[PDB]
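The structure under discussion appears below in the form of C-alpha cells.
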Amino acid sequence: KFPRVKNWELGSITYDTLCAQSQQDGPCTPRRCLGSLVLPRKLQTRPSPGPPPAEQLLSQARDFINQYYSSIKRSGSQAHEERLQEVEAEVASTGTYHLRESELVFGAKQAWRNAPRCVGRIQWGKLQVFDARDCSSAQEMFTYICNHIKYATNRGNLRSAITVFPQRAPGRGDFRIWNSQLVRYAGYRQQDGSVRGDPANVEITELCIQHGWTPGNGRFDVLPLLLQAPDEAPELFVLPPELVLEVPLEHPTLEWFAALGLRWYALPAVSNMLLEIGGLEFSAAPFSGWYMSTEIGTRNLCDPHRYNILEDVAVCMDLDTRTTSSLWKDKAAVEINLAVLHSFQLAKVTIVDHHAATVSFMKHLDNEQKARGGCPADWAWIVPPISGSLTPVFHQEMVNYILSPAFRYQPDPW
Amino acid sequence: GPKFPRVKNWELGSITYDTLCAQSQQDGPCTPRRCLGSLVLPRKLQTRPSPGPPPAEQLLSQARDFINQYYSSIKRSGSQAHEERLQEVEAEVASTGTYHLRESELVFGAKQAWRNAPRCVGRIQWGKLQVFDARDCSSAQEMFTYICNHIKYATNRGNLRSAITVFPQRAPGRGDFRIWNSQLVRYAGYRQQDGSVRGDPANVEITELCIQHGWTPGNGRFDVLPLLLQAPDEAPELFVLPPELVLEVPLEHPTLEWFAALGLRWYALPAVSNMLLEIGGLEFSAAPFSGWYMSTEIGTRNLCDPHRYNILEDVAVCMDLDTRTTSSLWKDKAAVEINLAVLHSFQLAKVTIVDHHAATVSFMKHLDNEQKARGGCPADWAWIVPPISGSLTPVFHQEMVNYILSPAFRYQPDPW
Ligand code: HEM
Ligand code: HEM
Ligand SMILES: CC(=N)NCCC[C@H](N)C(=O)O
Ligand SMILES: CC(=N)NCCC[C@H](N)C(=O)O
Ligand SMILES: [Zn+2]
C-alpha cells in the first residue's frame, strides 16, 4: 500500500500516495534493490520504426490530456471532451497525434517536476518553453539552439529553458543532438592513453573530428555541436564564442588558485535525454537551468575519471598527501568548491550552493506532499557529493518511482 | 547477456554481474513500482516477537539451508557427516520443535552474518571475528560478566579486536534474553525543562528507562549509561560499567589549540547490542558485537548531526567562520577539522581507528574478493558511502545491489 516516509532529523513522518499513479516500472524487485544503478537495463527507449500500439498510445494520451484539463480547472468541460475526441480521431486515422503548444508547455514543466534525480525542482513552475517543432533541418536546429543559449544565459542572470524539436515518427529517423550537453569541453586522448580536457567527452570529441572539426589542444576547448535531422548524417556547427559564457576560476584568499587556469561554462544544458508526453516522444528536447556549485567543484573537477585536479590543488596547498588521515582530499575539495561559488558570484553568474539548494528542496518536498501526496526522489542523486549528512536531505527518506510526463535516457544515435 | 543484475563502476568503467542475489531467500521493501531503499527501517526483516513456536516446516528449510552452507564452507557437501547432521536437525525439530548449533557452526554463522551485512563498510575484516559462546548464560548477572569480559578483550588497551558474544537463543514459550541498551557503551541524554537535551539526544529514551529502573542519573554531557540486562521472564536488572573498562578518548585538534578546551570526547569501543542475530532459523535476540570506528561515524554523524550533539555551529564560531551565509561553506570547513580532530586524538591515544578514505578503499578490495568467492556482495550504497566527501571515495562511483542473505543481523522491536 502506502509507504511510510520518515525524516530522522525532525522525527516527522508522511505517507506517499503519489507512487500509486506510477504506471511505469523501475529496476527494483522484492528480491533485491537496484536503485543505486544509473542506467536502466530494459527501461531504455527501443526503436520507433513501427507505430506504437494504438491501444497503448491512446491510454497514455487520454491520461495526459486528462492531466492537462485538471491543471486548468476545466475537467469534464466541453473543450476537454472535444480535445479527447480529437486525439481519439487523429490516432485512429494516423496512429499518432500532436500536442497543442499549451499542452506542451504544461507537459515540459511536469516532466521536470517528476524528475526524481533533480534537486532543483522547486523552480519547476518557472520554465521558458521554446516550441521548435517547426524545424526541418540541422541548420534550423542550430539557430534554435543558439536562441535558447542566448535566452537561457541572459548575460549571467540565468533563466531555465527547454527547446522541443519534432517528436519521433514511426519508420522515420529521429532529430538528435549528438552532444550530451549544449556546452562541453573536448576530451583529447593522447600518447599513453591519458587524456587532455574532459575524459567524459572523449567519444563525442572523436566523432566530431571524424566529421571535419579542427581540434584544439587545450583542457577547456568548447566542443562544436553535431546536429542531426532524420535519416541524415549529422552536421557540424561551431558555437559563436560570444554566446558561450564562461567563468574563470579563482579563490577568495589563495592568490595562486587563478594560476591553475581552471574554468567552467555557465550553462548546464542537458541535450541527450528524451522528453515523453502522453506517449509522444521528443528525442531532441534540450533543457537548462543553472548550476549548483558541487556539480562543478566536486564532480566535474574532482572526480577521478574527470579533471581529477584534487592532487594538484592539495600540493599547491602544501598538504600532507602522504596519508589519507590528513584529510588532504577533504580539505582541497572544500577550497575548490569555495572557488567555484566565489568565482561565479564575482562574475555575477547564477549559481546555488549545496546547502541552500537542499534547503530549498526540503521546502519542495513539503509543497509536493500537500499538492500531490508525495514526491518521487532518488536519494543518491539528491544528497550532495560532499558534506552529505551536513545537509537536510541526507536525513530525509525518499521514495523513487517513475511518473509521466518524464525525462528519460535514450540510446546514443551512433 | 547474463540474466542477473549488471553492476557498473563509473570510475573504472568495469562491469560485473551479481549472481549471489539469486540466493536471497527473503524480500526487501522494494517492488517494480517503487524503490524504498533509502528507508532506514522498512518492515521486512523486522524480527517481531513471534511467541508461538515457528512453523516446524518453515524452520526446517531454513535450518537445512544453513547446514548446507556450513558443510559447503568446509568443503564436505554431500558428505556422510553432512547428511547425518541434516537428519539430526530434522529429528530434533520433529520432537522438540527447535534445534541447536554445534560450536563450529555458531562461529561460522556469526561471521557469515557480518559478511552478509549490507550496511557494514568494514566487512573486509569479516573473517577475523572472536566469537564468545555465552549460550550457557542463565542470569542478568552472568550476562554482565560476559559483557565485561567482551569489553575487556575487545578494547585490548587501544589495540581493538573484533568480537561477538552469543547469549541463549529464543525458546518456545520463554522470555528472550535481551539487552535493552542500543550499545554496550552510550552517553546519557537528559531532557531539559526548556525542552532541550543535555548530552546525546539519541539516547533519551534509554536514559529515562534506566532512571525508572533505579539508576541515579548524572548531569554531564558525556555520562556513560548503565546496562539494562533482561533474563528470560524477568524484569531487567541494572548494572554499572567499571570506569576502568570503558576506554574513552579526549578530543584535541592537531593545530587548533582551543579545540581541546571544548571538552569533547568519545568512547573507543563501538558495540551494537540491540540487533538480532539470525542463523538457520534460530534467533539470538541478544548477541552484541563490536569492531572499531571509522572516523566519520564519530566526527560527522555523532558530533555533527542536527539531532545529535550538533556541534557544527559552535566549532565554526571558534574558527571565526561566517555562519550567516551558506556560500561560505562554514559547515564543510568545520566538519573537516572536527573529523581531523577525531582521527588525530585516536592516533595520539593509540586507539584503533580508520578514516573514511582508507576504509572505502578496503571495501573495494572486499567487493573484488566477494565477486570471486560468491559472485557478488550485498551492499547498501547510502550507508556505504561516507557522510562527508562522498564522491571523493571510491565506493561512491560503484553501483551496488542490495538484498538480504542469511545468516544475518536484523533489527528487532524494543523489549519494552
Ligand atoms: C534551476 C536550476 C536547476 C538546478 C540547480 C538543478 C540541479 C540538478 C542537479 C544537481 C542534478 C544532478 C546532476 C548530476 O549529478 O549529474 C539535476 C538532475 C536533473 N535535472 Fe535539474 N536542476 C535545475 C534545473 C533543471 C531543469 C530546468 C530541468 C528540466 C526542465 C531539470 C531536469 C533534470 C533532470 C531530468 C535531471 C536528471 C539528469 C540525469 O539523469 O543525468 N533540471 N538537476
Ligand atoms: C572492524 C571494523 C568495523 C568497521 C570499521 C565497521 C564500520 C561500520 C560502519 C561505518 C557502519 C555504519 C554505521 C552507521 O552509519 O550507523 C557499520 C554498520 C554495521 N556493521 Fe560494521 N564495522 C566494523 C565491525 C563490525 C562487526 C565486528 C560486525 C559484526 C560482527 C559489524 C556489523 C555491522 C552491521 C550489522 C551494521 C549495520 C547496523 C545498523 O543497521 O545500524 N561491523 N559498520
Ligand atoms: C541543470 C543542472 N544544474 N544540472 C544537470 C546536470 C549537469 C551536470 N551534472 C554537469 O555538471 O554538467
Ligand atoms: C562497528 C562500527 N564501526 N559501527 C557500528 C555502528 C556504530 C555507530 N555508527 C556509532 O557511531 O556509534
Ligand atoms: Zn530499490
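Cβ coordinates were reconstructed from backbone atoms using ideal geometry, including for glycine residues, and neighbour counts include every protein chain displayed. Any read-out appearing in this document is the output of simple, stated calculations on the displayed coordinates, not a laboratory observation.
Residues in the stretch B:214-223 carry Karplus couplings, in order, of x, 6, 8, x, x, 8, x, 8, 9, 8 Hz; the curve used is 6.51 cos²θ - 1.76 cosθ + 1.60 with θ = phi - 60°, and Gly or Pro positions show x.
Couplings for the stretch B:124-135, taken from phi via the Karplus curve 6.51 cos²θ - 1.76 cosθ + 1.60 with θ = phi - 60°, read 6, 9, 3, x, 10, 9, 8, 9, 8, 8, 10, 5 Hz in order; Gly and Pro are left as x.
For the stretch A:98-141, a/c is not less than 1.5, where a ≥ b ≥ c are the root eigenvalues of the C-alpha gyration tensor, and a/b tops b/c. That puts it in the prolate class.
Here's the picture: charge each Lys and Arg Cβ at +1 and each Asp and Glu Cβ at -1 in the stretch A:1-146, and of A:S71, A:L39, A:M141 the one pushed furthest to the positive end of that dipole is A:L39.
For A:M292, the residues 5 or more places off, or on other chains, whose built amide H falls under 5 Å of its own are A:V352. Mean residue ellipticity at 222 nm, helices only, the protein assembly as shown: -9500 deg cm²/dmol; runs of at least 4 DSSP H residues each add -39,500 (n - 2.57), and the sum is divided by the number of residues. Neighbours of B:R174, meaning other residues whose beta-carbon lies under 15 angstrom from its beta-carbon, give a summed charge of -1 when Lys and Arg score +1 and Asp and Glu score -1. Only one residue of A:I177, B:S182, A:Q21 has its Cα farthest out toward the positive end of the dipole of the protein assembly as shown, where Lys and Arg carry +1 and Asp and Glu -1 on Cβ, and that residue is A:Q21.
Residues B:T352, A:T214, A:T298, ranked from the fewest to the most other C-beta atoms within 10 Å, line up as A:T214, B:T352, A:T298. Other residues within the sphere of radius under 12 Å centred on the Cβ of A:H395, judged by their own Cβ, net out at 0 (K and R +1, D and E -1). Residues whose amide H comes within less than 5 Å of that of A:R117, counting only those at least five positions distant or on another chain, are A:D378 (H built at 1.01 Å from N in the peptide plane).
For chain B, averaging the sequence separation of C-alpha pairs within contact (under 8 Å, six or more residues apart) and dividing by the residue count gives a relative contact order of 23 percent.
For the residues B:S328, B:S24, B:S139, a GNM of chain B with alpha-carbon springs under 10 Å puts the largest fluctuation on B:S328.
Evaluated over chain B, the count of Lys pairs having alpha-carbon atoms less than 16 Å apart is 4 (only pairs 8 or more residues apart or interchain).
With contacts taken as Cα pairs under 8 Å and at least 6 residues apart, the stretch B:166-207 reaches a relative contact order of 29 percent.
Sorted ascending by nearby beta carbons within 10 Å, beginning with the fewest, A:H342, B:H82 become B:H82, A:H342. Note on the stretch B:56-129 and the stretch A:104-137: Cα centroid distance 55 Å, given to the nearest whole angstrom. The charge dipole of chain A, taken about its Cα centre with unit charges on the Cβ atoms of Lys, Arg (+1), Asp and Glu (-1) only, comes to about 980 debye. Taken along the Cα-to-beta-carbon direction at a fixed 7 Å, the label points for A:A89 and A:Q123 span 4.1 nm. The H on the amide N of A:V195, modeled in the peptide plane, is under 5 Å from the matching H of A:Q190, each at least 5 residues off or on a different chain. Summary value for the stretch B:248-394: 23 percent relative contact order, contacts being C-alpha pairs under 8 angstrom separated by 6+ residues.
By the count of neighbouring beta-carbon atoms within 10 Å, fewest first, B:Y146, A:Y68, B:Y17 end up ordered B:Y17, B:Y146, A:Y68.
Can you grab the distance from the C-alpha centre of the stretch B:246-269 to the C-alpha centre of the stretch A:228-288, Å, no decimals? First find each Cα centre; the distance between them is then 47 Å. What net charge is computed for the residues neighbouring B:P288, neighbours being all others with C-beta under 13 Å from the C-beta of B:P288, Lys and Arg scored +1, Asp and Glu -1? Summing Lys/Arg as +1 and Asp/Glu as -1 gives +2. Taking a ≥ b ≥ c as the square roots of the Cα gyration tensor eigenvalues, with a/c under 1.5 meaning rounded and otherwise prolate when a/b beats b/c, else oblate, which class fits the stretch B:86-218? Judged from the Cα gyration tensor, the stretch B:86-218 comes out prolate (a/c at least 1.5, a/b above b/c).
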